[PDB]
Structure formats: C-alpha cells, structure tokens
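Chemist: Next up is a structure, given as structure tokens.
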RNA sequence: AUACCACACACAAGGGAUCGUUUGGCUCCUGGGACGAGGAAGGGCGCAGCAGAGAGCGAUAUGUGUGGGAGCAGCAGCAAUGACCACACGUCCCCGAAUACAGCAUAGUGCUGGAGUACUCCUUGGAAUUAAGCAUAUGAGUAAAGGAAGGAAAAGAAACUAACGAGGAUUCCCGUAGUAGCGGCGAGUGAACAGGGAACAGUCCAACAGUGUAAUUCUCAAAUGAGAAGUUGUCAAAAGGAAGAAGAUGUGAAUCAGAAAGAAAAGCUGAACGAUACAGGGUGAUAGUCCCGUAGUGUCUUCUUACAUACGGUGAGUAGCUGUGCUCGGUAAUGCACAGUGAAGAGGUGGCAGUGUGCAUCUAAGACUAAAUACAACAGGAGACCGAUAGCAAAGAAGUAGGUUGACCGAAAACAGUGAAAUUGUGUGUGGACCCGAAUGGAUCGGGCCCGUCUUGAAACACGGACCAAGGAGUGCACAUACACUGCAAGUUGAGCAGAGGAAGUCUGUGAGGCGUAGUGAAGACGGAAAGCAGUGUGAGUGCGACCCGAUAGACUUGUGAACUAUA
RNA sequence: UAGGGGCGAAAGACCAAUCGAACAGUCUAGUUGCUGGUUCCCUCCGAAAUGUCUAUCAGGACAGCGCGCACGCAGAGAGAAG
Ligand SMILES: [Zn+2]
C-alpha cells in the first residue's frame, strides 16, 4: 500500500459469497403485464385494485406528507352509513388493527 | 527381496463378482462389497461428484420410468376392454 | 480443471508442471491444468459478471435525436450516406392521408411516382453472402439500407409497403437513433405521413421554449 | 453532514391537533361475571385438596416470628423477581389471617 | 417476415430436420411439378414420383430427355430414369440418379392406390376452399 | 575432394501446418419438475436368414387396435391378402429395498422400507488462509458427514414498531449503510425502523354442545332388526359454472428463353409475373416464382376454477431467576440449550445495570394459509460465443478402448479436399562454419568470440537451449481517486417500478434516495470565504485464482488395504 | 488385529517395488519478502545504488534524483567589490 487514499475497506474475503445478475429483467416485466391482463378479464367490469385510505407519514422528516394506507377502520365505515360486509362486496379494503386518534384524520377518510 | 522375487507368490484372490452391482469388488473374508456396501440396505457413499454421476438414473435404460411418462401424457387410459371399470372409478 | 493431477517435483529431469495420475493409457504423465498445456484451463476465464450495457444521459439522447431528424432535410448529408435522389423533385416528402391502398401491387406504383425507383433497385440488386465466420452464426445475408416510413396513425399502407426490400417502418413518438443514423452516419431518407410531420412541433417544441411532450427539454 | 443542527428545545415542538376521547369499556355483562366467579371458585378447591408447598411453609413460619426482611430475601431467591416476591408475600399473609 | 416464435430460423436446426426426416416427412421430399395439361386433368399441382410414371428432365447433363421411372432411392434422395446412364472403362453401364426437383411429370402411373391418394388430396382442398 | 561435408534451385519421397467447411459444444431466456412391494433405479443373460460392437426388444423377444400409405440400403427372398411410419394397449427371463421379512395402525382394507437430493428445511462441525511471527480473532456457522419433503420449500396475520399531527400479516425489489456499533478498538467485521414499489386474504382448536333421553361414526341384515366404537365425551351444513390457458393438425400466390463458356447455371443477358407471404432450409456455382416452408386463415383435444349454522378474554415443569457452555452487530446479555430453583391470573415490551411511580403499545407457552421469490436432470427458442492441440473428458460402437488388489482413474481418431516446415534421394551449380563492408578473368583483402538471463563485472572452466510446426503469460467486477472529453447548472441523476409499442432495442410517466448549495466542537450548543451532479475512457491503490508456473506441509470422510510382509 | 492406529527375540524395523505417521479423493488454482519466463515498428526525454524509521539486514514505507500535463516568469552549478 502506497500513496494517499481513503483507507480501503472492500468486503470480498468470503469465498462462499453469491452473485445475482439481472438478465431476466425485461422478460419478467412482460410476464407481469400478461398476468394483469388476464386477471382483468376474469372480473371484467370491476377495477383490478381496491380503495385504500389516506394516512400521514411517520417521522418529523415526513409529517407534512400524506400517503396511501392498508385499510379503512370499522368507525370510518360505520360513520359513512355502510356495514363491513357491504363494503367488501363493493371493493373497499378493511383494517381492524388501525386506531383513530384525531378529528381531522377521521373527517378526511369519511 | 521386495521387488521381482516377491511377485511370484501372488496367486490368491480376495475379491469376486458382487451380485448387486457387477463390479468384481466383493471381499470374501470381510463379507462386504467395496463399491456398493452389499449386504447393507442402502448403497455406499460415493467419494466425489465426478464418480457418482457415472451411476445415476439415466446412465442405464430407465425402462419403467419412460413408459410411465408416456401413459401420463395419454391421460392414463388403460386397457380398452375394461373401460367400464375405469369410468365407474 | 476436471482431472486428478499433481506435480512430480524436482529430481526426475522434468519440468515441474502438474501431471495426470493414470495407468494403461497414453494420457499418463501428460501436463494437466496450466494455460500453456493441451486440454488445460484458459487464462482469466470469461465470466458472466462483465458489464454488458452502457449508460448515456437522457439530455444527450434527446439532443442527438433532434439533430438527427434535422439532417434528414439537408441534400448534402442524404447524398453523402449513399441514398440516390437525382430524380426526386424536392425534400422532404410528405404523403397525404386518404391513401386507401391495401395491396402491394398498387403500393409500388405510388412509390415509383415519387421518384424512388433507382433507390429501390439499388437495394434489390445488393443481396450477397457475408464474408467470414458470421455466415455460420445466423447472419448469412447482407443488404443495403433504404427508405424509412414514419406514420403516427394506424393505416393500411403500412402492410402494403412492408414486403418491398429495404423499406423500414417506425412511429414518430418512439423514433430511434439506430434507425435515424445507421452505422453512426447521419442523413437517412424519410417518407413522412402528413399527421406525423405536424406532430414534430408538439414533440420538439419551438426555439428557446420548453417542449410539453418532453419534460425538462429545450432546444 | 445534514445531521445535528437543531437544539433539543425546538425538536420538542408539536402541531396543535384536536383529539378524540377513548371509549371506556367498564360495563361487564352478567355472563362474564359468572364466568369469573367459577374460575375463582375452582382455585379454592385445589388449595383445599392438596395444601401448601415446602417453601410456602418455610415462608409462613418466618412471618409468625416477624422475620420480615429474612422472608423478603428468601422469597426473592426462590422466585427471581422482586415483584413476584412482593405479591406472593401479600397472598400468604392474607391466608394466615 | 416470420412472427411465430415456435418455428426455428437456425441454419443448424433446419439442416438437421432435413437429413434426419422419416415416415411421411421423407415422402414430402420426393415431390415434383406436374405439366400444364395434367393440372387441368387433376386438381393437384405436385405429387410424389413413383415407379412407372413418365418424366421430362429439365436440368443437368440429361436435359430434354424423357423416360420411365425405374427406382426411387429414399436414403440417398435420387430417382433413376430409363436411359440416363454412364459407361465405365469395362463398357458396363450404370444408371445415374437425378434429384426429384429437376424432373417434371408427363404421364402418371395409376397402378394400386394412386387414384385414392389423389382423391384424398382434392377433397382436403375443397373442404376449406368453399368455406 | 572424382565420391566426404555445407548451401541454393528443379523433380521425387516424409510429415500433417494453413485456408475453405461443420446433423457438435457453451452461455442466456422460457416451459417442465412426471419413480418404487401393481417389485423401482442399477447390474447380468438371451432374441436377426446370413449378425461381433452399439441401438431396439423379453421365450408373444416386429402381437392387437386406430390414422395413414410404397417400398424393405448389401445378397437372397418378401409386399394393396399392406412394405414402412406415428400414436396408444397387450406381453415383460434372472439378481437387486429383495421380503414365505421387520416394525406399526384399524371394525376391516392396510402403511413404511429403496432410488433421487441443483434449489428449501433440521442437526453436526474443520483446516489450509489473513493478521507480513502467533496463541483471542479471521476464513465460517463455510467445506465434509448425517436426517427429511415438494414442485417449489420455509415464513406468515403482532406477548410488533414508534414517540410522529404516527403507523399496521408474511415474502421479494430500490434504499437507510460500509452507517449505529462489535473488535490483541489490530487485521477485519456489521444490522433495524422510515421513505418509493411488486403482490395482496385471512381464519381454526382448547377453555365452552340439545339432558322431556348420544341427537354421532361404522358393519350385517332388512324394509325395519341385530352387533362394534363411544359418557375418561361423539356430534357446529350446499349443489352449482362459464370463462381462462396450453398444445396438436389442415390449407396456403406467382417463369420462361438465349450467344459465349462450363462436368453441371440458379450466374450473366432480354422479356415477363406474385406480395397481408423478400424469415430460414434444400436443389450439380450466388433462386420471391423448381422442392419444404413463411404471412394470412381454418378445425379439434386436454387442463384450471366457483354459495350456509354455536362462541372469547387464565394454553405451566411454561415464562422467569442463579450458575454454566455455545452464539449474535446486540454492547453491565441478541438468541438457543443443560442442571438447580420455579410464578401470577393477570402478564409482556419501550437497543444503557438497579429500585420506585404515572404514561404508551401489545397478549407468549396450541394450529392452518394463496399470490408476488429460488434452482438440476428433461424439452423448446435465441446469440457482436468456440470452430477439431479449440468448444463439455467425449462432433464416430465416450465415461468407450484400456488400467488399480481395492477405493477409484481414463485417451486418441472430422472431409477417401488443399498439402507448409523439420528431414531424405537424384540432377545441376557454388563453396570448405557463418555474418557485415568492397571487388576480380583469377589467387581474396578489412572488421567481427554465443545467444537469452541474474550481476560491480560474462566469450567464459556460471546456468537454460539437438531440430521444425502449432498452443503459450497484466484480465474481469466492487469502492474511493487525479486527469482528458460531454450535457445541464444552485442544482443534478437510465433507483426500482408503471403506461405505449408484432419488442431482451426504443419512447413517455410516476417517484424515493444520495451527494451539493457554509462551517466549529467529545457533546450540550453555536454559526461568518471558495460549483456541483451524472457519464464515456486512460494512468494508479486495495480485496477476490488477480501477470504465468512451482513447495515440504495442515485438515476432513458412514471411502479402501494383512494376495507382499509382522504377530496370535 | 487398520492409520496418531496395528504389529515388533527392538533395527524407528515392517503394514501391496511407498513408512521418524499408508493409500484414494476433496477442501485447493493452499501460501511464497525466493528461482525461471513474460510475444510488433519508428520518434523524443532520461535515472539510482544515498538519508530517517522498521523482529530490520536477499523485503517495505517516507524523503531525494526521471517523465507527462503545465498556471505563470527576470533569472544564473562563473567571476569581481565590500
Ligand atoms: Zn457391489
């Protein structure tokens, strides 16, 4: 070792290390397209994707940004006059783990 | 001396033809085959990958396995005289 | 690297290369694994981890395609590539819509009336078998390049002209530099469709303005 | 480096939301009461049938001599947790009374 | 252009498929064109040459000659035509084989199953032609 | 130098380079993932009119049925009373888990065993090597050895993160990040939440079953009876369908003639014709129209998939503690065990030991689960790959000929083309080791020690080299870097992934992250100069076989040996 | 009776032409500061075998002496006179 450099630290010592190449990338993309298309026929008039709530992101760094979440809460669904079994039949997603702690967050999802 | 003159005494034969594998490697006194471990139930551990591929499925005839694949392709139709038994089942 | 090999070491009046362990065959004692040996391993074996593709900035790709399009309307460049245009009245060519052609028979008659006869003939007469080992690896015949037809809207004319040797087709919205500058020399001859020619204003915009179709790009 | 620029005072600020009160679940139905009664009852019968274990006897003996701090140390070493020890002492005391 | 991706365009694969052909695929190799008149007498445009049929040689050494088919060699793809031969140093004469595609049919041998073979092909056409 | 030795040229020998060619290899992608007591995989032996090897087949060793249809390659004989092929079925010798057996369940019938194991899960567990020595550490929970399953396997619906104005099963991709930390604080090692996406689905058992009658499962009979299991607790409901996908197979346009020349025209020359078909292959030289296909169009056959009852808040030698051993980035214990000890019904957690107290978030010690992800044998399609000393060891009867006591080890050989050099004979010329400079009709004159290599120094009594051909050694990736070139610029970018498109190319979106736009301190805390980002390449450092070849040695195996020799 | 094991009227003898630790195969292309080799032409510039520290003395690193690209520019391996 000679001259001035940032001191090395390259982790190639382990002889059992595996390599992963990506030559399949264009082909696997084409398969995902063809699966969605055929799935879309099986339920023709209905959208392929369900409706999802809007939630607020996590840390101090992302407070001011809104995002999609997993599912509506039993309270949101009831406030809008629906019942859980009906909501499912009409393509609304449900999440019984989530809790409501604000007035604002509830009003928007309604 | 240990060279040429000792070669003259070498007239006994410790291995014979094995009935499981053919390989002239059954040691008569030990009661064991050095190629395939007969009479143990399982076959012996082969020393390396190169040597074991020389005795794998597909190195011989595969008589039964080939017929099974053709019958599966055809939908397992069976003997045509006995169709009624098949259909009931 | 398949074989069982080991060096004999010094003292035997032989070079200290690894040698093949065997008996009963002429293969006994021959020289095994090294790159200087018959049937040995090559130096630095070729390997799948090599970097096959290459990156180019999006801003350069956009600019290169714009100035390739420009060169298709300078006679000096078009002649320079080797397209022959002695009989053609004016450049660029713009075919109308309301072309109701469906058969190759009538399709060729149209192209002849635009003056392209000598160019098309130049392509048909060109077919030859390639020199070298490429003729064994599915690259047997070579032809000269001819006109490219550019359309934007779906029409029957596309499948009327396509069997004529040296005619090539692409949509304006996804026009590639491999088609616009073959071999890296610019000025390919282009037949425009009337819709496609008007679309160039939406695609590349106007001088010292920003294109609506190509976000973040200006000429 | 885009780290460690604010002071701890300004990191502690917060946006003024409007809260929702928690829904209390205090009502306990008739059937739930009988369920709990039967479980507590069953726990009596076991103690009546089989009695106390060796360390429970030794513990209760120390409580009669007012050896409070000895009993505390003893129970800590048997059960591991100082919380479990404090609870078991209180249950044993109530049994003797 | 070819748009079906199940069919091969490899030189190595096309060549192996030719020389290792058997059964009905081998018979397809022995086809020849019919003359203009016979293409009005029958619906067919081409047929597999058989012994006893009458052929004009249209390419090679024996161009312009006419004669009867003597033999059909399937393994080495060649036909022997009456009166097309070479003479050895001995004076002995050997028939020289001609490749099927260099022939043209002038009269058909109608022995055996030929009339049924022709009928089967004509029907197969009309079945789809009339639809 | 008559005849020896050397060199040059022509002819004949001797060898198989070079150029032209290829029914083989290799790599990437897509499908497939189909064995066995109904005897497998693997071994042996038989079967032809003349038949050794190999291929195919079992004493029925070319039989039956269906769809087709012309010959059986040599010689003799066969064949529309069906040559030959394709699909299915029937027959299927001996050894081998090899079994008239072993273990085990039911009212009974039965099931397991062996083969395969690239990929997945569970155990057990090295050393070479790096630290310029070496003992902790590294290589590495890797190799080796054992057990087990499927077309995938494992995992999976919080005794979960987080402290935000919060989110919400598992798996996979981009990223946080070569960071927080671990470490003879040396060499070196090294995760998680967020933020952007692919694919999306939730449910069961116990606790806890009609008491005006076990209402429950099975067997034989019978048209309504006998018997077995079970009160140490049995029993908690729907048919149903058209879609979707993969194969097989039918059809399928349009040309003739000629001088010269050749063994032969498809070339060349003139005149025509087809195209939703100018992909590719075959024909006696380079074919859209001579043959097989291709674009376009028909038929048929398989496979996949879909509605009902009743419930909650306590699952123990467990969680935890003390000692101990291994393990992890986990650090006054991250996970797993063993021995002592051992709870509560209410308990667990909030990356630093303890005690107390509010607050937030969850519910362990019982079970099931699709999709998105990984990769052999076998089949299909592609390629800026190799072209018979190459590419798989193997382009022919290649794991073959042949070899080891044994475990195990293992070649050569393409075209009836072309036909180099070394080396040999004959003929004709010129010289006596040969090179450089300069010449004659002719004797010759002048200068030169044997190359490569280590070395202060080689012609050396320093080492390697008999001769010719062919092969034969600074390469690929990751991470910082300086230079040259290019676009935009207080900004910049082909992240993954979606939309379009006869498509591994190209075009367009959505949209993170990273680095930059100013620094100082261990930190609390404070704040005041300097164009960057992403590429295409070159020189150079570090880690991986690392310019090519080369030790004596170390370890690991459910691998082999007392035919020589030692002793009972 | 089998390999860190055997067997020995003892020589470190013998255990398949191998024994002061067998054979086969794998980890493994183990490591090497040491020896050998490292393949086309012309043009221009051109060294060192010294100092400090090193389990350092057949090796390294830092500095000194080459070359390439060069922002720029009153200097000099010689004398006088104090
Ligand atoms: Zn055996």
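Every residue, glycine as well, gets a Cβ built from its backbone with ideal geometry; the counts of neighbours run over all protein chains shown. No lab work stands behind these numbers, since they all come straight from the coordinates.
Chemist: FRET efficiency for residue A:90 and residue D:56, Cβ-Cβ distance as r, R0 = 60 Å, nearest 0.05? Present the calculation step by step, with values, prior to reporting the outcome.
Modeler: Working: r = 62 Å, r/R0 = 1.03.
The pair residue A:90/residue D:56 has a calculated efficiency of 0.45.
Chemist: Antiparallel as a % of all DSSP beta bridges within the protein assembly as shown, to the nearest 5?
Modeler: 75
Chemist: In degrees from 0 to 90, rounded to the nearest 10, what is the angle of the helix C:58-71 Cα long axis to the longest principal axis of chain C?
Modeler: The helix C:58-71 is inclined about 50 degrees to chain C.
Chemist: Now for a separate question. Roughly how many whole Å is it from the C-alpha centroid of the range E:90-131 to that of the range C:35-59?
Modeler: If we compute the Cα centre of each part, the gap is 56 Å.
Chemist: Expressed in nm to one decimal, what extension gain is obtained for the pair residue C:63 and residue C:168 from 0.36 nm per residue of sequence separation less their Cα-Cα distance?
Modeler: Using 0.36 nm per residue and subtracting the Cα-Cα distance, I get 35.5 nm.
Chemist: At 7 Å along Cα-to-Cβ for each site, give me the label-to-label distance between residue D:81 and residue B:85 in nm.
Modeler: The two pseudo-label positions are separated by 6.9 nm.
Chemist: Also: Order by neighbour count: A:39, A:14, fewest other Cβ atoms within 10 Å first, most last.
Modeler: A:14, A:39
Chemist: Return the single residue from C:160, C:22, C:76 with maximal mean-square fluctuation; model: Gaussian network over chain C, springs between Cα atoms under 10 Å.
Modeler: Taking springs between Cα atoms under 10 Å, the residue moving most is C:22.
Chemist: Then there is this: At 222 nm, what helix-only mean residue ellipticity would the protein assembly as shown give, in deg cm²/dmol to the nearest 500, using -39500 (n - 2.57) for each DSSP H run of four or more?
Modeler: The helix contribution divided over the protein assembly as shown gives -9500 deg cm²/dmol.
Chemist: Here's a follow-up. With a point put 7 Å past each Cα toward its Cβ, work out how far residue C:152 is from residue E:11 in nm, to one decimal.
Modeler: Inter-label distance under the simple model: 4.3 nm.
Chemist: Can you tell me the Rg and Dmax of chain E, counting just the alpha carbons, in angstroms?
Modeler: 17.7, 63
Chemist: In addition: Give me the distance between the Cα centres of the range B:54-72 and the range E:42-82, rounded to whole Å.
Modeler: Cα centres, the range B:54-72 to the range E:42-82: 45 Å.
Chemist: Sort C:157, D:41 so that the residue with the fewest other Cβ atoms within 10 Å of its own Cβ comes first and the one with the most comes last.
Modeler: Going from sparsest to densest Cβ surroundings: D:41, C:157.
Chemist: Helix D:30-50 versus the longest principal axis of chain D: what is the Cα-based angle in degrees, 0 to 90, to the nearest 10?
Modeler: In chain D, helix D:30-50 runs at an angle near 40 degrees to the longest axis.
Chemist: Okay, moving on. Per residue of D:15-24, how many C-beta atoms from partner chains lie within 10 Å of its own C-beta, taken as a mean?
Modeler: 3
Chemist: Under 19 Å from the 7 Å Cα→Cβ point of residue D:24, by amide nitrogen: which residues of the range A:59-93?
Modeler: No residue passes the distance filter.
Chemist: Just rank C:8, A:22, fewest to most, by other beta-carbon atoms within 10 angstrom.
Modeler: Arranged by neighbour count, lowest to highest, C:8, A:22 become A:22, C:8.
Chemist: Take the Cβ-Cβ distance between residue A:63 and residue A:107 as r, set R0 to 22 Å, and report the resulting FRET efficiency rounded to the nearest 0.05.
Modeler: 0.75
Chemist: Now a separate question. Using only Cα atoms and rounding to the nearest 10 degrees, what angle (0 to 90) does helix D:54-64 make with the longest principal axis of chain D?
Modeler: Between the helix axis and the principal axis of chain D, the angle is about 90 degrees.
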